[PDB]
Amino acid sequence: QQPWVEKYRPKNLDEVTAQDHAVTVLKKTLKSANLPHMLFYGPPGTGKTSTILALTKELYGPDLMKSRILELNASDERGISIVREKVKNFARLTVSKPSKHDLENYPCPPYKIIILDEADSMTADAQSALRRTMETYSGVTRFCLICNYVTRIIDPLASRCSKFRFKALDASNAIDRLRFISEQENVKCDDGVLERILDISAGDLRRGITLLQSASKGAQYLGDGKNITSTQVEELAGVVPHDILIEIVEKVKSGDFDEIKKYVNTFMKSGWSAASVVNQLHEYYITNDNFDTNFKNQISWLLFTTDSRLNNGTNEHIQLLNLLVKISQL
Amino acid sequence: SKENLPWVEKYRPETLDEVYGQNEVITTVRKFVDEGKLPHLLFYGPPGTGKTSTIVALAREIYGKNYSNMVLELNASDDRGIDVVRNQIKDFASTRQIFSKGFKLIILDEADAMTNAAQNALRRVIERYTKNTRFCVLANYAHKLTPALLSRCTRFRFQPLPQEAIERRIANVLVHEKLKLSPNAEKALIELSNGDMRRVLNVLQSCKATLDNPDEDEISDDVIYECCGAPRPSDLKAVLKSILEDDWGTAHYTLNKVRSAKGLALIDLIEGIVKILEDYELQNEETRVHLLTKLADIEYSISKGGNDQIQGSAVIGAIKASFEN
Amino acid sequence: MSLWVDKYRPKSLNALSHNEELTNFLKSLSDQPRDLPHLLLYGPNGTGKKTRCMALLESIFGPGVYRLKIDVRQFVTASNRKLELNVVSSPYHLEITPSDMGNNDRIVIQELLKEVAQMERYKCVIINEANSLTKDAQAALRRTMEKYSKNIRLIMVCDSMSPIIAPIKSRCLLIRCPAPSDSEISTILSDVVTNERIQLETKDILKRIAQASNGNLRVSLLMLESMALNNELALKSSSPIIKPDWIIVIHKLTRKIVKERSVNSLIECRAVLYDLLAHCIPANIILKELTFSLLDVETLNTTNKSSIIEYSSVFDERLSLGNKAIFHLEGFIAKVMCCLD
Amino acid sequence: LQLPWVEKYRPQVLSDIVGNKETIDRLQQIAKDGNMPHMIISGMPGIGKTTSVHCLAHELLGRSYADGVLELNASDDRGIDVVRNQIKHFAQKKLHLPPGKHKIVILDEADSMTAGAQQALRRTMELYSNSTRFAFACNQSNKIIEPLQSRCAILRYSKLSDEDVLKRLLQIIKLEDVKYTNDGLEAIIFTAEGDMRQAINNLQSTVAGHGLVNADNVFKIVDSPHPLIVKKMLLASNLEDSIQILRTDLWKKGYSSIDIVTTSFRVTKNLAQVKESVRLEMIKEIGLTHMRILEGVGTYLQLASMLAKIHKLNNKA
Amino acid sequence: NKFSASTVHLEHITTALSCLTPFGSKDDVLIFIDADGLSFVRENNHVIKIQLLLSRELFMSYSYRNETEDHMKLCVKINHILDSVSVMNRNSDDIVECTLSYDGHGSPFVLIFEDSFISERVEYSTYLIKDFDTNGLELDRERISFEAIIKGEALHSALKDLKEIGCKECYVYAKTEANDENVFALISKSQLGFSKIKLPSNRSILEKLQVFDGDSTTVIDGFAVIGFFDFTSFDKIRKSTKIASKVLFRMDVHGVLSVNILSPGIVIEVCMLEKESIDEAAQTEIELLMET
Ligand SMILES: Nc1ncnc2c1ncn2[C@@H]1O[C@H](COP(=O)(O)OP(=O)(O)OP(O)(O)=S)[C@@H](O)[C@H]1O
Ligand SMILES: Nc1ncnc2c1ncn2[C@@H]1O[C@H](COP(=O)(O)OP(=O)(O)OP(O)(O)=S)[C@@H](O)[C@H]1O
Ligand SMILES: Nc1ncnc2c1ncn2[C@@H]1O[C@H](COP(=O)(O)OP(=O)(O)OP(O)(O)=S)[C@@H](O)[C@H]1O
Ligand SMILES: Nc1ncnc2c1ncn2[C@@H]1O[C@H](COP(=O)(O)OP(=O)(O)O)[C@@H](O)[C@H]1O
Ligand SMILES: [Mg+2]
Ligand SMILES: [Mg+2]
Ligand SMILES: [Mg+2]
């Protein structure tokens with residue numbers, strides 16, 4: 001009835017894995033009240049929102065969310081005047097008197113947490129107002145800053161907020177979590193399928209969870225009691241098969257422009273995203289030891305430039321064609 | 001009560017003797033206030049250098065119990081429109097002091113975030129209503145300030161705090177909290193400080209929270225690097241040596257192993273790499289240009305987002321290509 | 001009832017002809033509608049991703065999915081100025097389009113999705129041209145479909161996945177819709193001309209239409225309608241391949257650029273670009289088709305083609321990172337004439 | 001309660017004002033004769049424009065300064081209707097002045113005043129030119145509309161030279177009886193860069209913080225101006241020397257990167273001994289670095305790369 | 001409940017709150033609860049401070065159960081209270097009983113209104129984080145410049161006549177003579193020219209008026225006191241003097257002015273701030289027109 005992304009969201013600070021410093025600091029702050037302003041940053045799908053939600057749940061309790069915890073996000077309007085008045089007001093509201101049930105059921109601290117989700121979408125004036133408000137109301141009000149990109153956040157905010165870097169979840173980082181999820185959901189996989197899924201989604205457990213859910217749904221629909229293989233999850237994710245990549249490399253090696261152009265046209269007719277193609281070509285080229293150092297440096301620079309062009313939101317056809325032409329002429 | 005606040009706000013100075021590093025500025029402002037002469041001080045410097053803390057300590061020293069009804073503190077959290085500014089500051093400055101025989105101090109935190117007309121009104125009030133009312137300007141950016149404002153206000157520059165100030169503040173914090181750090185940990189904190197006190201206090205609090213027991217233990221550099229996430233100098237040296245010696249395969253393997261064993265970020269790794277590369281000598285004058293341009297493009301791409309492995313391989317290839325000249 | 005796309009539109013999973021693996025994938029997803037994650041569909045334009053979305057919605061809910069209702073409401077963006085969105089309504093689901101301006105689109109999506117979400121047997125919404133966003137409404141989407149993942153299911157369809165930010169691709173399942181091969185398009189054309197009892201002298205005309213459309217079902221059907229209506233429902237092998245005037249103008253401009261390389265040629269090319277952009281045609285696809293038209297010329301050598309494709313990529317990056325549209329096209333064309341000779 | 005040196009020694013007569021000797025003499029003849037035309041004064045801020053206007057009004061009026069002036073400044077209700085009504089009411093009154101004297105209306109900082117208020121001002125001057133007169137004070141004459149500048153006499157103000165500022169410093173030192181040094185005064189002039197108020201503030205800081213005015217004390221209390229350092233590092237030949245200069249000055253003294261970029265842009269715009277192509281390439285690189293910093297990438301690496309690109313285009317390999 | 005109070009006659013409360021709406025309607029009122037009663041204070045821009053006090057006998061169910069230093073503070077937004085009370089307290093003779101509640105700290109300010117079997121209950125959450133405490137624009141009585149007691153109706157008429165004229169800058173005059181012809185007026189200057197409203201020496205509206213020599217015991221005759229007050233404070237006070245019985249004027253040599261409003265009735269005391277300096281040498285021409 002619930003997707004595995006939302007169903008298996010960690011509601012406790014001990015459920016999250018591969019994060020040692022931040023979890024330990026939060027756990028030791030649970031028994032104290034010296035909680036500084038936290039700057040949560042890292043790759044997307046790492047668990048910053050889950051971590052802050054678990055900390056808020058274990059700090060106060062379900063009853064105190066309605067009258068003590070308020071969050072900011074991009075779902076509502078965040079103009080300079082609205083943000084200023086709302087943040088100043090909620091940083092001026094008194095600490096609500098806890099009920100007894102919270103008192104002998106949860107270690108309620110004498111402050112409150114203000115959550116600023118996707119703070120990278122905020123203007124400089126709004127950030128200045130936020131930092132001034134959190135300095136002038138640092139007594140019983142705390143601010144949590146969550147952003148994917150550190151650079152967009154101004155330097156004073158990074159200086160005032162404690163920097164809690166979220167390490168990317170590699171294969172060994174979340175292999176245990178994926179194994180637990182598969183065992184709880186009764187998912188059968190071969191020896192090296194979860195590792196392949198984690199390698200596909202570099203530092204992204206949400207994508208791996210979605211891929212595992214899709215593979216489990218496909219296995220359930222197929223009917224036979226078979227184990228999920230690497231090919232199925234690779235083709236569901238969008239991984240280009242090795243034979244087609246070898247054919248692309250062979251076409252690039254040949255010095256024929258028309259063949260490369262028609263192969264690129266057919267590849268675009270196949271509708272495959274060129275980001276995964278660029279990543280696979282990079283992996284094949286650096287992994288292979290049949291090339292010299294200078295050509296490897298040039299092709300790495302070309303792939304980096306193509307990735308930078310693709311990240312801006314350009315036409316994938318033109319970028320991949322230009323990259324292949326440049327590689328073939330090296 | 002205290003002992004339940006962040007160390008940035010807990011260790012806020014309350015007197016001018018509690019402000020370290022800027023000895024010259026503190027002595028100059030003490031000499032100014034000892035003669036009863038406040039010439040519209042302007043404070044400029046990087047964040048975390050102690051501008052608003054210094055002005056708050058000065059206001060406490062020269063006024064005492066008059067802070068509640070003589071000091072008008074304005075900042076970005078309060079609306080500073082043209083009409084609002086002219087009305088509020090005109091009403092405050094035009095009114096005579098209640099009983100104290102001293103100048104009226106107005107503190108304007110984050111003065112860089114005001115409109116040009118508001119700045120013109122402020123600079124007119126500064127020269128007009130000045131018999132009893134003085135002005136304080138705090139701003140980290142001078143390009144957003146009218147040059148006329150910088151002329152009427154005496155500009156004081158806040159340099160980054162040297163190693164002595166950071167060491168003294170660390171010793172005071174250790175005395176207050178009964179904590180111990182290794183000299184290597186102290187050197188690592190000095191290197192990571194980059195002339196900032198808030199960052200030092202935040203990482204010290206995080207490292208204290210990291211320890212299982214606050215007492216009967218010593219803080220080393222390893223725990224500081226683990227809690228802060230900063231790469232070790234040995235790791236950066238090994239990565240640079242692998243880049244300069246291993247051609248492309250084992251160098252990439254070593255970089256991946258370094259990034260995977262401890263989960264280091266790419267930004268800090270490249271920052272360390274360029275920090276050691278700045279010490280190295282390059283008698284070509286062209287390799288350095290290529291290094292700087294390619295590295296800046298890499299940081300721009302990482303800020304825009306992308307693939308970490310591809311960016312790291314691009315860093316390796318750029319370094320090798322620049323050093324091949 | 002007067003078009004191939006509307007009269008012969010499949011309305012079920014079994015009615016789909018091509019992409020049997022995709023049909024099996026959609027059937028597997030529709031086996032357990034309660035556990036359906038967020039979906040993101042990427043592929044070539046005209047493949048039929050909207051058809052797959054409609055078929056999946058019909059499988060999940062049932063009859064009445066294909067019945068649509070029209071309602072109009074206004075969103076206030078500044079003072080008393082308001083912009084209206086022509087939202088289409090339907091039982092058991094909903095569809096919207098990003099026809100608003102690039103800055104008000106974010107707040108329009110915010111208000112609309114907050115109103116639709118409410119509280120609740122969930123409601124599915126289809127996000128057409130999800131790639132056409134200014135990275136502002138995407139934050140609203142990534143927040144709402146994560147926080148309010150109890151009664152809303154955003155369905156994303158787009159042609160290019162690169163402009164979509166990484167978190168959105170992370171939270172949404174990647175659905176692949178490859179364009180059909182020549183044989184499948186030929187079979188579809190044969191079926192639709194069999195149902196329309198029109199004459200067919202040879203089977204090569206359908207193959208020619210499939211090659212001309214370049215794997216586009218909508219273009220193939222419209223071309224088939226054009227040749228059927230122009231030839232009085234009597235297809236002939238000697239009938240010319242009808243193409244839209246936009247592609248004809250692009251090809252003529254390409255031939256003019258190849259033939260003449262001067263300043264007067266440049267200003268006439270600028271006038272043609274202005275007239276083409278006056279037809280509400282995006283500049284990125286104009287540059288893309290201009291590049292493809294320039295690259296197929298046999299007179300040009302490998303070096304000229306490489307220079308042209310490099311300049312095309314550079315100016316596509318400039319257009320993506322820029323605000324105006326005429327400057328980048330003009331620079332690309334001027335650089336083409338500079339590198340031609 | 002001691003007033004600061006800037007405001008304690010405000011000139012009260014045109015003789016005490018130094019700088020543009022010809023303009024000061026012309027103002028003295030205007031005050032003596034009494035024929036006061038409409039005037040607009042523009043120039044570098046803090047050089048003695050408003051002070052000169054006030055001194056001229058005082059010398060022209062004497063005991064009539066109580067009512068004969070309507071000093072409307074920027075920090076006031078500077079609208080379109082209330083300002084017009086106030087100026088009309090001021091111009092519709094007569095006082096006992098000699099026939100050679102006229103009422104003076106001073107509008108300091110007329111640049112920020114709205115254009116509709118400028119049109120109302122034009123209406124007031126056209127309607128009541130025979131009785132009252134207007135004197136404008138501003139930094140630049142561009143913000144004043146053309147029709148208003150047509151009905152006045154423009155007197156551009158130049159930056160104060162070394163001689164006038166040094167003379168004023170000597171008079172103030174003699175008035176305050178403060179020990180000074182020639183090297184310290186030279187350092188004060190160098191740091192002021194033609195500014196009078198800044199020079200007075202720096203001298204006051206030097207005497208308060210250290211007493212004797214010495215070059216070392218002046219350099220300690222206030223650093224050298226950043227445009228000079230920017231110009232020094234931009235024309236450096238070797239890349240390493242420019243990198244070291246920018247680092248050891250700007251990053252050690254604590255200068256913001258965006259401020260550095262803006263100062264470099266201003267210096268390149270005002271640069272003289274550089275070719276047009278080199279200047280425009282450097283301007284483009286400055287714009288790219290400014291965009292990178294404004295987006296959020298404002299580290300030292302960006303500045304180092306910008307200097308590297310500038311030196312690469314300078315040397316041309 | 002730490003503080004409880006009940007009233008049956010809300011007309012007095014609403015007409016006291018209507019005297020605070022010209023400037024205090026925005027926010028930031030610091031209500032005080034003590035053994036004396038209930039008081040509200042408003043201070044904006046640190047230029048004017050108003051205190052409206054409610055006595056014990058005004059409330060019918062004053063309990064005040066506390067076990068502390070007997071001084072608890074709370075700051076609540078006035079605009080929310082006005083918006084809540086505007087819809088209720090309607091018609092006339094609605095016998096709306098108002099119940100006040102405050103549970104010490106961390107609890108919202110609770111108001112209960114009952115009107116003909118219909119009850120209402122509004123909770124006003126407070127703001128007590130950056131409460132710097134102390135505050136107050138107080139003056140010492142040992143150096144009072146002069147004291148004056150005037151009728152409320154005359155002052156209200158004078159202020160309502162002065163408001164529509166303009167007069168962005170206003171002056172206050174004090175003068176005593178040997179022949180008991182005491183002089184007291186509030187003159188002002190505007191674009192219209194000069195505006196002089198004069199309060200005569202008749203004891204109906206000038207019952208007591210004496211000018212002191214800075215010692216509060218040595219009354220003197222023939223000395224003039226000049227008070228330069230902004231139009232804003234007088235405009236704010238005009239509404240407060242609309243309904244009153246006696247108005248007391250008292251300012252010291254420091255220039256701060258305390259005005260007491262009497263309306264048993266409640267007491268309203270407002271503290272004002274004088275301007276830094278008189279415009280040039282105007283005060284001379286004020287007297288020169290006064291005996292003119
Ligand atoms: N440490 C973890 N252990 C287990 N599951 C995790 C962990 N971190 C993330 N997840 C899973 O990741 C999914 C979403 O986590 P989020 O907290 O929303 O990621 P995120 O850090 O918020 O990414 P953003 O919001 O795009 S920056 C859920 O299914 C979680 O169960
Ligand atoms: N000289 C100093 N010695 C010791 N601690 C200092 C010093 N200067 C600043 N700090 C610490 O830095 C904290 C924050 O400094 P603030 O003065 O409040 O901010 P700031 O330095 O003015 O920077 P901004 O961005 O302009 S608010 C204080 O609470 C102190 O703990
Ligand atoms: N020539 C001068 N001789 C002596 N003192 C001067 C001279 N020029 C300026 N000053 C001093 O500088 C102060 C400021 O002068 P102003 O006239 O206010 O500056 P300004 O020319 O009007 O430019 P602004 O006010 O920044 S728009 C005066 O009060 C004097 O103390
Ligand atoms: N499996 C299929 N079998 C037959 N026709 C199809 C199939 N999929 C798509 N189509 C055709 O595609 C057309 C609609 O394409 P559309 O959904 O607009 O493409 P896109 O989603 O790329 O905009 C319909 O007219 C339909 O005939
Ligand atoms: Mg999140
Ligand atoms: Mg500050
Ligand atoms: Mg001036």
# chains A, B, ... in the order shown; residues from 1 in each chain; ligands from 1
$ residues_near_ligand --ligand "ligand 7" --cutoff "7 Å" --atoms "only C-alpha atoms and all ligand atoms" --output "count of residues only"
7
$ residues_near_ligand --ligand "ligand 5" --cutoff "7 Å" --atoms "only C-alpha atoms and all ligand atoms" --output "PyMOL selection string"
(chain A and resi 48-49+117) or (chain C and resi 143)
$ residues_near_ligand --ligand "ligand 3" --cutoff "7 Å" --atoms "only C-alpha atoms and all ligand atoms" --output "count of residues only"
25
$ interface_residues --of "chain D" --to "chain B" --cutoff "6 Å" --atoms "only C-alpha atoms" --output "JSON, numbers by chain"
{"D": [2, 4, 45, 74, 75, 198, 201, 209, 253, 254, 259, 302, 305, 308]}
$ residues_near_ligand --ligand "ligand 6" --cutoff "6 Å" --atoms "only C-alpha atoms and all ligand atoms" --output "VMD selection string"
chain B and resid 51 to 52 109
$ interface_residues --of "chain E" --to "chain B" --cutoff "12 Å" --atoms "only C-alpha atoms" --output "PyMOL selection string"
chain E and resi 43-49+130-140+143+169+227-233+251-257+271-279
$ residues_near_ligand --ligand "ligand 4" --cutoff "10 Å" --atoms "only C-alpha atoms and all ligand atoms" --output "JSON, numbers by chain"
{"C": [3, 4, 5, 6, 7, 8, 9, 10, 11, 12, 13, 14, 15, 16, 17, 18, 19, 20, 22, 23, 41, 42, 43, 44, 45, 46, 47, 48, 49, 50, 51, 52, 53, 54, 55, 128, 129, 157, 158, 159, 177, 178, 179, 180, 184, 185, 187, 188, 189, 191, 192, 216, 217, 218, 219, 220, 221, 222]}
$ write_last_selection --atoms "C-alpha atoms" --output "tab-separated table (two decimals), in the first residue's frame"
chain	number	residue	atom	x	y	z
C	3	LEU	CA	-7.66	12.22	-37.28
C	4	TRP	CA	-5.72	8.96	-37.12
C	5	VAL	CA	-4.33	9.82	-33.68
C	6	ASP	CA	-7.77	10.23	-32.09
C	7	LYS	CA	-9.88	7.68	-33.98
C	8	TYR	CA	-7.47	4.73	-33.71
C	9	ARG	CA	-5.96	5.55	-30.31
C	10	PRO	CA	-5.39	2.35	-28.28
C	11	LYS	CA	-7.18	2.36	-24.92
C	12	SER	CA	-5.76	-0.77	-23.26
C	13	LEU	CA	-2.51	-2.60	-22.57
C	14	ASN	CA	-3.46	-5.42	-24.95
C	15	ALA	CA	-4.33	-2.88	-27.66
C	16	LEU	CA	-0.69	-1.73	-27.77
C	17	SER	CA	1.23	-3.09	-30.76
C	18	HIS	CA	4.93	-2.22	-30.38
C	19	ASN	CA	7.25	-2.39	-27.35
C	20	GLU	CA	6.01	-5.68	-25.90
C	22	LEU	CA	7.30	-2.06	-22.16
C	23	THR	CA	3.76	-3.46	-22.18
C	41	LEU	CA	8.99	8.50	-18.77
C	42	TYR	CA	11.79	9.52	-21.14
C	43	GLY	CA	12.12	8.79	-24.84
C	44	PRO	CA	11.85	10.16	-28.37
C	45	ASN	CA	8.99	12.49	-29.18
C	46	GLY	CA	5.99	10.81	-30.78
C	47	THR	CA	6.80	7.38	-29.33
C	48	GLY	CA	3.51	7.29	-27.42
C	49	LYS	CA	4.43	7.80	-23.77
C	50	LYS	CA	1.11	9.58	-23.22
C	51	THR	CA	-0.63	6.50	-24.64
C	52	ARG	CA	1.22	4.27	-22.17
C	53	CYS	CA	0.27	6.60	-19.31
C	54	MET	CA	-3.40	6.55	-20.34
C	55	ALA	CA	-3.35	2.75	-20.70
C	128	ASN	CA	3.65	16.85	-19.61
C	129	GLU	CA	7.00	18.31	-20.74
C	157	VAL	CA	6.82	12.48	-19.41
C	158	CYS	CA	9.64	14.24	-21.26
C	159	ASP	CA	11.88	13.91	-24.29
C	177	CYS	CA	9.93	4.23	-24.17
C	178	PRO	CA	12.07	3.47	-27.24
C	179	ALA	CA	10.73	4.48	-30.63
C	180	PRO	CA	9.42	1.63	-32.81
C	184	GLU	CA	6.39	-2.05	-36.45
C	185	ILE	CA	5.51	1.35	-37.96
C	187	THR	CA	2.63	-2.89	-39.68
C	188	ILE	CA	0.68	-0.12	-37.93
C	189	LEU	CA	0.34	1.77	-41.22
C	191	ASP	CA	-3.45	-1.99	-40.30
C	192	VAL	CA	-4.75	1.58	-40.43
C	216	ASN	CA	7.37	9.23	-35.07
C	217	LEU	CA	3.87	7.75	-34.97
C	218	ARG	CA	2.11	11.13	-34.97
C	219	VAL	CA	4.16	12.38	-37.93
C	220	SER	CA	3.59	9.10	-39.79
C	221	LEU	CA	-0.18	9.27	-39.24
C	222	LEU	CA	-0.38	12.93	-40.27
$ residues_near_ligand --ligand "ligand 2" --cutoff "8 Å" --atoms "only C-alpha atoms and all ligand atoms" --output "PyMOL selection string"
(chain A and resi 132+135+156+160) or (chain B and resi 7-13+18-22+45-54+109-110+138-140+161+165-166+169+196-198+201)
$ closest_residue --among "A:168, A:237, A:83, A:129" --to "ligand 1" --atoms "only C-alpha atoms and all ligand atoms"
A:168
$ residues_around --residues "residue 52 in chain A" --least-positions-apart "2" --cutoff "10 Å" --atoms "only C-alpha atoms" --output "number ranges by chain"
A: 11-13, 26, 38, 40, 47-50, 54-58, 113, 115, 144, 146
$ write_last_selection --atoms "N, CA, C and O atoms" --output "tab-separated table (two decimals), in the first residue's frame"
chain	number	residue	atom	x	y	z
A	11	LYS	N	12.55	6.01	10.90
A	11	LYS	CA	11.91	6.85	11.90
A	11	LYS	C	12.73	6.98	13.17
A	11	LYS	O	12.31	7.68	14.10
A	12	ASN	N	13.89	6.32	13.25
A	12	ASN	CA	14.74	6.36	14.43
A	12	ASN	C	16.17	6.62	14.00
A	12	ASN	O	16.56	6.34	12.86
A	13	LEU	N	16.96	7.16	14.93
A	13	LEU	CA	18.34	7.51	14.63
A	13	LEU	C	19.25	6.29	14.52
A	13	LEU	O	20.35	6.41	13.98
A	26	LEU	N	24.18	13.59	17.15
A	26	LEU	CA	22.77	13.72	17.48
A	26	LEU	C	22.39	12.85	18.67
A	26	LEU	O	21.62	13.28	19.54
A	38	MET	N	22.62	23.18	12.48
A	38	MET	CA	23.16	22.10	11.65
A	38	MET	C	23.01	22.45	10.18
A	38	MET	O	21.93	22.85	9.73
A	40	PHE	N	23.13	20.60	6.85
A	40	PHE	CA	23.09	19.27	6.25
A	40	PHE	C	23.30	19.39	4.75
A	40	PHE	O	22.49	20.01	4.05
A	47	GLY	N	20.00	10.89	2.95
A	47	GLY	CA	19.28	10.65	4.19
A	47	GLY	C	19.29	11.80	5.17
A	47	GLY	O	19.13	11.59	6.37
A	48	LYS	N	19.49	13.02	4.67
A	48	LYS	CA	19.48	14.19	5.55
A	48	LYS	C	18.08	14.45	6.10
A	48	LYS	O	17.91	14.70	7.30
A	49	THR	N	17.07	14.41	5.23
A	49	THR	CA	15.69	14.60	5.68
A	49	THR	C	15.27	13.49	6.65
A	49	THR	O	14.62	13.76	7.66
A	50	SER	N	15.65	12.25	6.35
A	50	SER	CA	15.34	11.14	7.25
A	50	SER	C	16.04	11.33	8.60
A	50	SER	O	15.44	11.08	9.65
A	54	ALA	N	14.10	11.82	12.11
A	54	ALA	CA	14.31	10.90	13.22
A	54	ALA	C	14.76	11.64	14.47
A	54	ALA	O	14.31	11.32	15.58
A	55	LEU	N	15.64	12.63	14.32
A	55	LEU	CA	16.08	13.41	15.47
A	55	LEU	C	14.92	14.18	16.09
A	55	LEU	O	14.79	14.22	17.31
A	56	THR	N	14.07	14.78	15.25
A	56	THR	CA	12.92	15.52	15.77
A	56	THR	C	11.94	14.58	16.45
A	56	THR	O	11.36	14.92	17.49
A	57	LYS	N	11.73	13.38	15.89
A	57	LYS	CA	10.83	12.41	16.50
A	57	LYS	C	11.35	11.94	17.86
A	57	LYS	O	10.58	11.84	18.82
A	58	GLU	N	12.65	11.65	17.95
A	58	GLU	CA	13.22	11.17	19.21
A	58	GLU	C	13.50	12.29	20.21
A	58	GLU	O	13.80	12.00	21.37
A	113	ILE	N	13.16	23.48	17.06
A	113	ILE	CA	13.90	23.28	15.82
A	113	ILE	C	13.11	23.89	14.67
A	113	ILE	O	11.91	23.63	14.53
A	115	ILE	N	13.12	23.91	10.61
A	115	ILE	CA	13.64	23.12	9.50
A	115	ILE	C	13.55	23.95	8.23
A	115	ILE	O	12.47	24.46	7.89
A	144	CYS	N	17.83	24.44	11.33
A	144	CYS	CA	18.41	23.35	10.57
A	144	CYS	C	18.44	23.72	9.09
A	144	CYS	O	17.40	24.07	8.52
A	146	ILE	N	19.30	22.50	5.29
A	146	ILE	CA	19.46	21.35	4.40
A	146	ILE	C	19.55	21.87	2.98
A	146	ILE	O	18.66	22.59	2.51
$ residues_near_ligand --ligand "ligand 1" --cutoff "7 Å" --atoms "only C-alpha atoms and all ligand atoms" --output "short mmCIF file (atom, residue, chain, number, x, y, z; two decimals) with C-alpha atoms, in the first residue's frame"
data_model
loop_
_atom_site.label_atom_id
_atom_site.label_comp_id
_atom_site.auth_asym_id
_atom_site.auth_seq_id
_atom_site.Cartn_x
_atom_site.Cartn_y
_atom_site.Cartn_z
CA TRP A 4 9.37 1.15 -0.31
CA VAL A 5 10.89 4.65 -0.34
CA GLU A 6 8.24 5.98 2.06
CA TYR A 8 11.02 2.01 4.82
CA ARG A 9 11.86 5.58 5.83
CA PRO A 10 13.99 5.48 9.02
CA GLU A 15 17.99 2.81 11.65
CA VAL A 16 20.17 4.99 9.41
CA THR A 17 23.53 3.53 8.40
CA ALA A 18 26.83 4.65 6.82
CA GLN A 19 26.70 7.91 8.83
CA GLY A 42 25.66 16.01 0.53
CA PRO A 43 24.63 14.02 -2.53
CA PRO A 44 20.89 13.68 -3.13
CA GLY A 45 19.18 10.63 -1.68
CA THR A 46 21.65 10.35 1.22
CA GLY A 47 19.28 10.65 4.19
CA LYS A 48 19.48 14.19 5.55
CA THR A 49 15.69 14.60 5.68
CA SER A 50 15.34 11.14 7.25
CA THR A 51 18.04 11.98 9.82
CA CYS A 147 20.85 21.95 0.92
CA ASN A 148 22.29 19.81 -1.86
CA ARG A 177 20.52 -1.97 4.61
CA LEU A 205 19.89 4.68 -1.84
CA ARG A 206 16.50 5.94 -3.05
CA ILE A 209 15.33 1.03 -3.41
CA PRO C 167 16.92 14.33 -7.14
#
$ interface_residues --of "chain A" --to "chain B" --cutoff "8 Å" --atoms "only C-alpha atoms" --output "PyMOL selection string"
chain A and resi 21-22+24-25+28-29+32-37+84+88+125+128-130+132-133+135+138-139+149-151+155-156+159-165+167-168+170+279+282+286-287+289+293-294+296-298+300-301+303-304+307-308+311
$ select_by_dssp --residues "range 37-206 of chain E" --states "alpha helix (DSSP H)" --output "NGL selection string"
:E and (78-87 or 152-163)
$ residues_around --residues "range 26-40 of chain D" --least-positions-apart "5" --cutoff "8 Å" --atoms "only C-alpha atoms" --output "PyMOL selection string"
chain D and resi 14+56-57+59-60+100-102+133-138+141+149+151-155
$ atom_distance --atom1 "CA of residue 258 in chain E" --atom2 "CA of residue 178 in chain E"
26.3 Å
$ select_by_dssp --residues "range 91-230 of chain D" --states "strand (DSSP E)" --output "VMD selection string"
chain D and resid 103 to 108 132 to 137 153 to 156
$ closest_atom_pairs --of "chain D" --to "chain A" --cutoff "10 Å" --atoms "only C-alpha atoms" --output "JSON lines"
{"residue": "D:293", "atom": "CA", "partner": "A:151", "partner_atom": "CA", "distance": 9.4}
{"residue": "D:294", "atom": "CA", "partner": "A:152", "partner_atom": "CA", "distance": 8.9}
{"residue": "D:295", "atom": "CA", "partner": "A:152", "partner_atom": "CA", "distance": 6.5}
{"residue": "D:296", "atom": "CA", "partner": "A:152", "partner_atom": "CA", "distance": 4.8}
{"residue": "D:297", "atom": "CA", "partner": "A:151", "partner_atom": "CA", "distance": 5.8}
{"residue": "D:298", "atom": "CA", "partner": "A:151", "partner_atom": "CA", "distance": 8.3}
{"residue": "D:299", "atom": "CA", "partner": "A:151", "partner_atom": "CA", "distance": 9.5}
